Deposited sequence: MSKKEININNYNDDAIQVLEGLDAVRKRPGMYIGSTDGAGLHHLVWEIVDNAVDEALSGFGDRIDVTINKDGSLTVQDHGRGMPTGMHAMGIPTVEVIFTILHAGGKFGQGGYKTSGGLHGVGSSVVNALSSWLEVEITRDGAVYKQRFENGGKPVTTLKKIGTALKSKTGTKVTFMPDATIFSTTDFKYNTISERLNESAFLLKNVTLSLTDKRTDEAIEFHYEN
């Protein structure tokens, strides 16, 4: 297993997301959604909320365990390793890092153990903060939130399509069972929820 930096993805995006058109743009959504879905599949979290923000960024929030908030080597947060090393609930191999590489900015927010942490990356996944404790929450509160702005210098289109996302989340709700998937478009105010009882 040869590990790579985020430059590798930016130089050959087609290798990781297939294309740099709308199909590729939406593959970024699929990667982050799929990480939330994997976490719910393992029994952690019963809702996954997706928001297309007015500024064109996209948020996915889960109520799973929260990505680990500790250190890897050399005082580097485990979260930073997930989002910045390409191994070409989990996590990676290779999703979070590919999305970060192809975003002009990305924020991850983790809630667990009574604490709220945040890390921000810019310009193709360069950390501009460490994993910072930003606040507190009840001990019962857990989850991972990822918001990213796709890189307009990579993609031919940076316009997320509500109907495309809605269909994928409907499908994911049907496969998962007993988990609510929601979509809210802040550009147009549209919203929908999916939940299949089993």
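According to the record, C-alpha coordinates are lacking for deposited residues 1 to 16, 105 to 116.
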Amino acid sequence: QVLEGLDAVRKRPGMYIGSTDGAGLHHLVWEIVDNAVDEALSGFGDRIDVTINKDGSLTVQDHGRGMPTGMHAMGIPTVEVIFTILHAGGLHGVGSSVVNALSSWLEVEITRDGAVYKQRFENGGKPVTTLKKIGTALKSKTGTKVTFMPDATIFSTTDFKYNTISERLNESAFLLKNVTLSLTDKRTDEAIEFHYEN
From here on, numbers count along this sequence of modelled residues.
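Modelling of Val81 is complete across the other compared entries in which both of its neighbours are modelled; not even a third of them leave it out. For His92, the fraction of other compared entries lacking coordinates, among those that model flanking residues, reaches at least a third. Comparing the deposited coordinates for 118 to 126 and 90 to 98, the stretch with the larger average C-alpha B-factor is 90 to 98. For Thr59, the recorded CA temperature factor ranks within the lowest third of the chain's modelled residues. Among the modelled residues of the chain, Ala137 sits in the middle third by CA temperature factor in this PDB entry.
The entry lists a Cα temperature factor for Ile110 that places it in the lowest third of the chain's modelled residues. Looking at the C-alpha B-factors along this chain, the one for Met67 belongs to the middle third. Ranked by C-alpha B-factor against the other modelled residues of its chain, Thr51 falls in the lowest third.
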